[PDB]
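*Asks:* so I pulled this structure from the PDB, and the sequence comes with it:
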Amino acid sequence: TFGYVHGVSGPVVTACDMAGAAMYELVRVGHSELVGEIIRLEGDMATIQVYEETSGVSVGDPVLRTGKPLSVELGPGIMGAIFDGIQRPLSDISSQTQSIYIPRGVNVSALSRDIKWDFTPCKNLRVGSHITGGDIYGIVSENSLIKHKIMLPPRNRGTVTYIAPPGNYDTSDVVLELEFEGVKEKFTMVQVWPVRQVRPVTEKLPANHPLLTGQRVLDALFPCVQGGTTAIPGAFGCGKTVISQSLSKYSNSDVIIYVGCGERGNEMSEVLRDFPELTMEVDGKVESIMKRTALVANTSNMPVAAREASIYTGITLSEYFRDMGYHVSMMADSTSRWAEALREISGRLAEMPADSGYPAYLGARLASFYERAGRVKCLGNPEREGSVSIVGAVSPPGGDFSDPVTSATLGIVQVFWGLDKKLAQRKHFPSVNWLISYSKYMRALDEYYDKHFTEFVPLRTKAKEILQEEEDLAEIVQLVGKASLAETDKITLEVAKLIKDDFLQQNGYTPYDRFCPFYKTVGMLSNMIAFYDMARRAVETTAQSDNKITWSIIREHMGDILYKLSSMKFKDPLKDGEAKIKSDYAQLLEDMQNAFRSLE
Amino acid sequence: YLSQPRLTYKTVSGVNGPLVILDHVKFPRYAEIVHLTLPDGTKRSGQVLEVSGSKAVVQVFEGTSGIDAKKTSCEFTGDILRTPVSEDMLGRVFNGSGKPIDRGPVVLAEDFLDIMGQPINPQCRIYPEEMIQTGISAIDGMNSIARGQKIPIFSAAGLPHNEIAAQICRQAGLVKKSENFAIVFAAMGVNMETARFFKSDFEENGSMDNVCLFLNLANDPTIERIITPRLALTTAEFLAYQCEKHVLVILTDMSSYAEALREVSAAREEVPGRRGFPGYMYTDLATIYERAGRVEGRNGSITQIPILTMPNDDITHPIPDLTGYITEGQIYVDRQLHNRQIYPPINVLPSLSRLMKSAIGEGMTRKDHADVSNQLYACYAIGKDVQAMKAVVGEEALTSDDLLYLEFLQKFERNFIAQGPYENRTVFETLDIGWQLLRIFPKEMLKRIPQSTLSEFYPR
Amino acid sequence: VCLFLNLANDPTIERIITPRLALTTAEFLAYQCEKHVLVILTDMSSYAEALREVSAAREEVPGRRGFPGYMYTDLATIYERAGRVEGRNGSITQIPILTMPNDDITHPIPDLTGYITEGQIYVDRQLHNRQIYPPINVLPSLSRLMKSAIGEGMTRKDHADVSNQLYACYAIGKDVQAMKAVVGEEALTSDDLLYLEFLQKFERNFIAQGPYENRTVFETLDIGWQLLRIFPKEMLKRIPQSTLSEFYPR
Amino acid sequence: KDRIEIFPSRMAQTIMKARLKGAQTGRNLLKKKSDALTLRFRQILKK
Amino acid sequence: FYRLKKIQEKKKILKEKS
Amino acid sequence: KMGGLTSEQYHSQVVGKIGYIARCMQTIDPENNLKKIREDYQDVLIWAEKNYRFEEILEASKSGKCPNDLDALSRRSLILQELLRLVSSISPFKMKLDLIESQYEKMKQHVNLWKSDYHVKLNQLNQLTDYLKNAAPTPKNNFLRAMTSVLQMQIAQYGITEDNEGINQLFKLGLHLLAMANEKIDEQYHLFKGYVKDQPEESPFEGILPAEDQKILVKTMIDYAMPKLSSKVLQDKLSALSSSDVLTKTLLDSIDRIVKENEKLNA
């Protein structure tokens, strides 16, 4: 090892005496050991792109070869940690140096080698067992929520020569040692994986289970699945935090991985303040979400090669926790700020531009990234199954979905929750547009619904029809004068507003509307569409009978039924049980049926 | 320290453009500082730009005129650009390279700081809370600025953004609830009339003791324009995070900085980027705009106010477009309001402050701030629409409630926006003017003010 | 069936030899074992983008939007391996599948593809948003070998005239539909409403088919005539008279 | 036709942007005048 | 862009082969 | 091998799965008693019952001798794994060799085991079992432990595959008590007693729970009514019940009888 510096011109260092140095390997330049990466070889010389500031590097300085590309450390110490695109432990730099800056050429391990971890081996394993790549051979009790499963790296195999008893070990002790063909491998609690390589699985399964968020919209009208791909608009004043807060607090996920890819300086200071404050309830107790969450945090002035490799660090962490058997949901905030760092890294290398200056390989990257999500059957013996759900965020200039990044990401992803600012200014929350949003996972969730909530899909189609009809009846009510209104259309324009105001609108600052279970959702939609059906038939039967019914009689014969409909969304799911709310909704149904028979 | 003697080289091997290529340099160090002595005796200064083996490429600040390859000497300093910094720099005028141009001595140093600086740890920065009071009601009252924000001013050529910058500089301070404050001013690429105006206006309005002025002129070396904002921000960081003051940093015409960046890029033989400017201009602007904010454990802040001129009045030119991706909000200096003889010509409809919600409220300015601002914005937009309809419908066929939205317009532009270049209005005077304007409409038309506040502040 | 699957997380530079492996297999099965092969090449856009990436890697002359200047001569070595030969009883029918960026048909990929292939089938977004299947827009569609494959003894004597008349009527209907968006519903003539009726009945009866329905070509021609009987036989100015005398009254 | 006959240049771009802005302000003027006349019409009908 | 990259490539070919 | 299962990787995975089935078998039946089951898995247990190294069974797989259909091996392994899960969840109790084979071949004939409801009820039972591995002595923890032991014995006596509505009742009761806030203590006594009433027996913890903890159960239920006292005679009456070592339903009915005279000691 130990080449030397031959020339420096900007961020580009040239190193001599680097004979056996691989491409895209990482190196440390100078006496402060700045981190850089090899981008070209020529004879005995290597061309290095340095990530930090090269100001002060002289000729003859050392160059240390690391031997591996950009990789991540995977072991106990990830939950509640705060990293960046290079996986530097920000909250440990902050406390070991006692300065408010990130030092230049700082070399600290991502997982601390001081904590003693509680490790218990697999009770069936003994000297002579046949263990392959992926097998869980121990468990570290990370915290009260997450059990950390110790797995063999995906490429090893052999017979157990030694396995450690239960006890306390740090992430440097040899906990396993196996043998193959006369060669020994020692393995500790931490394994290293390159971030640009997909982790192996046994098979990629189709996604057929819902991702419960807790909002009535996004769970009825635009469903996502466990293993899916979503995209939202990341803009100012659109009410965007509902998505990440719902995912973190009330969701069926086990592990959460949040990624900022070059956010503003004060926008990161808000996430790093809010996220350690959210809480969940588990087994009756209240715990912090940072017991099952990891954050990757970059700002606009951090190295451009960390604002680009952030997405890969995040997806590798989530693929590491998917291989244990968990269901992970990753969230990448402002994927556009990643695409811009991509374009800038290209520009530095003097590469031919493509449409709008972005590199040639933009759609290839954006597609091979989202192809890393999904449900899988995990490699290894104890027969588990995991999942990774990716939620990206795009920032189109002025709400224009023609930028190359927005066009590509809308071509790829299957769901699209369209947050709107217009609805936010009207105090309509969650401000989802319901007219430009979509979801193409609705045919995969068909055995699930038909097995668990049989009478739901018809209600979904009916509600979508009603909400579309109230909208394409707009010029009819403006260019004409609200009077030439067939009674079917009066019934629509009233019940659709009932839906818009008492189903699609939810308020998190309450004790009853933070979380809406799905039985409550299907009940609240069934009562509304059943009303609609009965009130529509009552009118269109007595069409020519000299007893013309109009909405004016329907709104006077049932003046409390309508209130109780508009009051369905106050039934607490905790202070009232599930059978109680079911019986209340059934009573309201029978009262509706009565008060509709006592009208004919 | 550095106790080894320095080396002088008489081995110039090439001269072209602003670059001198020297050979037989012992261990050339990148970005080093060099002192050249010309054949007759004049002394110039330079910086190492490229290094290769035993060969250095020095960029000379004052040009390469009269330099030959047989009698010019180059003495190598041994280190990089470190500037001296102390608290006595408040009340002084330096040029772009940091030497005194106000008939005073050199800075006696409290420390020597590297002007490139290190990035702030994203985990130590905290959220901006209180208010920075500029004394201009168009900004204070409706586009409030928080302690730690970064909010630019967008203007064009001929518009009066330098006088707005000067008024902000000589009025800004902290809100007087019921003062550790300093200003660092960086003027880049200004002509001589602008520089004269700044210098004299600051030093004769009795305020040049909480100001540090860095003046860079259009005929100065174009490398000094690259290091001017980094000296300004190094001084600001010293003041705010070691002496615990509240610093406001004003940087005038970042477009000239971008032009100097383009020049020193093309000197490296780099192929141009989109529309002229280098491909790495985002990172270079971000290493400037992100040297700001509040931090944990210190009682000081840094607030930044970049000022730009939009070429061709375009909002999608690379410089405004990239400054929008790093900063939080914008102020707009308008040309229709300038031609109508309104000062300051600030258009409040396109302007925005992304962190106003944090700067205003109870205990910071007053409990009625947000509602007064919302109602003034609403009434102004409605009055503009009414003045549009008046031109086709006729002024004799307007309602009585549309005749109120047309008196509010005149009174708002002539009494609230239009201020006066030497008139200092505290936040409370601004809000009282807002209420004097809102009392044109009956209490029942002010829809955006909650009734619990229309009871305390309307009847006066 | 013989599948050659290169997915989105696979080597990019190996997308350059996948269609050539497929087509070598096809040529062996067709011109030596004498079978009738049907080749489906999915997302020639990804092939073209891998080609652009390899071209930019070694700094070659670009064409429009950065694609190499030899993209025509490269796509033509793939598309031109399809046809029949003299003395052998096989064939190769190619059906590439494209995705046009931003629905633009002037992009280099569709534009260079349309100069090489013998027609194209245009899949429209405006018809997808109306829940129409198959969402095929017949005006930007074309097949260059139709004139020699239809007619007497091949399908039926009237095929070509019905096709041309349906084209003319569809174009005039789409003109009227855009005139009425400016001049309003009540400024149209008695014939513009005939065209606006033809448009609806055509888009809902002829195009819209259902995803498992197999219409013999005579059923298609009967539907076409049922659509052409909306107009008096003097508006059908592309059909000769001796065809209207035999096929229009029925 | 599909385009206006002009040659691409950074001067034609500002000319065309000026045209666009002028046209879509004239549109708002006419859309206000039409609703004024429409209100008058709806009143005349009732009385 | 392509023309300027060609000029630079020819520069860095000449200076190295000479 | 659709995408990443190289030959080396595929056959290493096969050898690993064979070893895992061997270990699961050795754990599910250390003393050979399920001869039927150890016979059904014979072709994969032979390669482990006699000592072949890793490379010998590796070359056996590459050749073709030992089973090498990774999907068939996976679906045969999931069955034995869920059997081991069922017989190790109910650890203190036991199951006899008729119900074991009954449940085993009820699992062998399922369309998809991962989509069954034996898997779901095993998930629920293991959730309950895992909350109590290092719990802290408290009212709700003791109630959960009692109901969990009763559920474990009922499953050991009946089975998991067939419907047994006592097991369903106890399941949903335990899963509703587990997710109840640790502050609500008036509700997590009403749950326990409402369960005890709708239980045909009246001495449920009859060897189901050691008496040393039945004492804690009867005491914990005796100081929930003492703060609600209103006299002295009822003080003696209630505290006289403190000598019972069996939480019988009659004791709870006597509790709600004494509280009647407690109320009667008011206006």
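*Replies:* Nice, thanks for sending it over. Residues are numbered from 1 along each chain as shown, chains lettered A, B, ... in the order given.

*Asks:* what about residue 2, how many neighbours?
*Replies:* Let's take chain A. 9 (other C-beta atoms under 10 Å in any protein chain shown). Where you see a C-beta, it was placed from the backbone N, CA and C, and this is true even at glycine.

*Asks:* my question was about chain E
*Replies:* Neighbour tally, residue E:2, other C-beta under 10 Å: 12.

*Asks:* how about the one 3 residues further on?
*Replies:* Using other C-beta under 10 Å, residue E:5 has 14 other residues around it.

*Asks:* what's the helix or strand for it?
*Replies:* helix E:2-17 (DSSP states H and E).

*Asks:* report all helices and strands that the strand or helix carrying residue A:563 contacts.
*Replies:* Per DSSP H and E, residue A:563 falls inside helix A:560-566. Secondary-structure packing of helix A:560-566 (3 or more C-beta pairs under 8 Å, 6 or more residues apart in numbering or on different chains; DSSP states H and E): helix A:487-502, helix A:518-541, helix A:578-597.

*Asks:* possible to save these as a markdown table with distance to residue B:120 and mean neighbour count?
*Replies:* Formatted as a markdown table, the helices and strands packed on helix A:560-566 follow (distance: least, C-beta to C-beta, whole Å; neighbours: other C-beta atoms under 10 Å in any protein chain shown):
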| stretch | distance to residue B:120 | mean neighbour count |
| --- | --- | --- |
| helix A:487-502 | 45 | 17 |
| helix A:518-541 | 45 | 18 |
| helix A:578-597 | 50 | 14 |
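
*Asks:* let's have those helices in TSV, adding distance to chain D.
*Replies:* Shown next, in TSV, are the helices and strands packed on helix A:560-566 (distance: least, C-beta to the nearest C-beta, whole Å):
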stretch	distance to chain D
helix A:487-502	20
helix A:518-541	28
helix A:578-597	37
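
*Asks:* and the helix holding residue E:5, anywhere near chain A?
*Replies:* Yes - Helix E:2-17 lies within reach of chain A by C-beta under 8 Å from any C-beta of the partner chain, at E:2, E:5.

*Asks:* anything in that helix near chain B?
*Replies:* Yes - under the criterion of C-beta under 8 Å from any C-beta, chain B is reached by helix E:2-17 at E:4, E:5, E:8, E:11.

*Asks:* how about residue B:415, secondary structure?
*Replies:* Per DSSP: H, G, I helix; E, B strand; the rest coil, the secondary structure class of residue B:415 is helix.

*Asks:* how many residues are close by it?
*Replies:* The burial count for residue B:415: 14, using other C-beta under 10 Å.

*Asks:* what does residue B:58 give?
*Replies:* 27.

*Asks:* isn't it right next to residue B:51, touching?
*Replies:* No - assessed by C-beta atoms under 8 Å, residue B:58 is found out of contact with residue B:51, at 10.4 Å.

*Asks:* picking that back up, in JSON lines: the residues of helix E:2-17 next to chain B, plus distance to residue A:60.
*Replies:* Output for the residues of helix E:2-17 next to chain B, formatted as JSON lines (distance: C-beta to C-beta, whole Å):
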{"residue": "E:4", "distance to residue A:60": "34"}
{"residue": "E:5", "distance to residue A:60": "32"}
{"residue": "E:8", "distance to residue A:60": "28"}
{"residue": "E:11", "distance to residue A:60": "28"}
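
*Asks:* contacts only, for residue B:39.
*Replies:* B:66, B:67, B:68, B:71, B:72 (C-beta atoms under 8 Å, 6 or more residues apart in numbering or on different chains).

*Asks:* same check on residue A:321?
*Replies:* By C-beta under 8 Å, 6+ apart, residue A:321 lies in contact with A:254, A:255, A:257, A:328, A:386.

*Asks:* can we see that at 6 Å?
*Replies:* By C-beta atoms under 6 Å, 6 or more residues apart in numbering or on different chains, the contact list for residue A:321 reads A:255, A:328.

*Asks:* look up how far residue A:328 lies from it.
*Replies:* 5 Å (C-beta to C-beta, to the nearest Å).

*Asks:* okay, and the common contacts of the two?
*Replies:* Shared contacts of residue A:321 and residue A:328 (C-beta under 6 Å, 6+ apart): residue A:255.

*Asks:* residues near residue 226, how many?
*Replies:* Using chain A here. So residue A:226, with other C-beta under 10 Å, has 22 neighbours.

*Asks:* correction: the question concerned chain F.
*Replies:* When counting by other C-beta under 10 Å, one arrives at 10 neighbours for residue F:226.

*Asks:* on that earlier part again, show me the contact partners of the helix holding residue A:563.
*Replies:* Helix A:560-566 has contacts (C-beta under 6 Å, 6+ apart) with A:502, A:588, A:592, A:595.

*Asks:* can you tell me the closest non-neighbouring residue to residue A:34?
*Replies:* Leaving aside its sequence neighbours, residue A:34 sits nearest to residue A:52 (C-beta to C-beta, 6 or more residues apart in numbering or on different chains; 4.2 Å).

*Asks:* what is the burial count for the one you found?
*Replies:* Residue A:52: 23 surrounding residues under other C-beta under 10 Å.

*Asks:* Three-state assignment for it, please.
*Replies:* coil.

*Asks:* wait, doesn't it sit right on residue A:104?
*Replies:* Yes - here residue A:52 reaches residue A:104: they are 5.5 Å apart, a contact under C-beta atoms under 6 Å.

*Asks:* would you say residue A:330 is within a strand?
*Replies:* Yes - under the criterion used here (three-state DSSP), residue A:330 sits inside a strand.

*Asks:* how deep is residue F:191 tucked in, by neighbour count?
*Replies:* Close neighbours of residue F:191, defined as other C-beta under 10 Å, add up to 18.

*Asks:* dump the residue contacts of it.
*Replies:* Contacts of residue F:191 by C-beta under 6 Å, 6+ apart are residue F:177.

*Asks:* closest residue of the stretch 201-350 of chain B to chain C?
*Replies:* residue B:271 (12.2 Å; C-beta to the nearest C-beta).

*Asks:* can you confirm that residue is in a strand?
*Replies:* No - counting by three-state DSSP, residue B:271 falls outside a strand, being coil.

*Asks:* against chain F, how distant is the closest residue in space to it that isn't next to it in sequence?
*Replies:* For residue B:271, ignoring the flanking residues on the chain, the nearest one in space by C-beta to C-beta, 6+ apart is residue E:4 at 4.8 Å. Distance of residue E:4 to chain F, computed by C-beta to the nearest C-beta, to the nearest Å: 43 Å.

*Asks:* tell me who's in contact with residue A:569.
*Replies:* residue A:502.

*Asks:* A helix includes it, no?
*Replies:* Yes - under three-state DSSP, residue A:569 falls within a helix.

*Asks:* so it versus chain E, what's the distance?
*Replies:* Note on residue A:569: its distance to chain E, by C-beta to the nearest C-beta, is 59 Å.

*Asks:* check the gap between that residue and chain C for me.
*Replies:* Using C-beta to the nearest C-beta, residue A:569 is found at 32 Å from chain C.

*Asks:* go on, residue B:11?
*Replies:* Taking C-beta to the nearest C-beta, one finds residue B:11 at 37 Å from chain C.
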